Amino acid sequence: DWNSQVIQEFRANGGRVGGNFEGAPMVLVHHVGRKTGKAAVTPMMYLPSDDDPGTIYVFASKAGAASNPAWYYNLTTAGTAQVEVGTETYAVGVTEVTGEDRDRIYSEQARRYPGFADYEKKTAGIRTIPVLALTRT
């Protein structure tokens, strides 16, 4: 609904959204419920890979809530997805980033948007915020 308006806005503005997402790199992630089988489209920020053209990182942050978001399980279950980035739409392979690599990519995101550091303080001792790599195929 809201979700719907953010998606229309993304698509009207070359892959950009205002409000809380003003100036941020956005992606619309098409995923499918690992239990329901139902398609959904979730807009979110990404961080582009500094090492590999065609790879973006997304953050299963869910505003520092207690649980991982449903899209996280949907993506890692399917192993592949479709995304809209910029004016494009393409298939992606999904892999989860872990260890010191996760920490480094999360630190760059939190550097650019320090709200991300608050999410991690909110989830301390509860969950580690997953980072996924979406790689263009």
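In case it trips you up, residue 1 is the first one in the sequence shown, and so on.
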Once you work out the mean C-alpha B-factor for both 47-55 and 104-112 from the entry, which is higher?
-> 47-55
Assert higher mean C-alpha B factor (126-134 or 4-12, deposited values) equals 4-12
Could you check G33, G99, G93, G86 and tell me which one carries the biggest Cα B-factor in the deposited entry?
-> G99
Kindly indicate the residue among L28, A66, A40, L75 with the greatest C-alpha B-factor in the PDB record.
-> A66
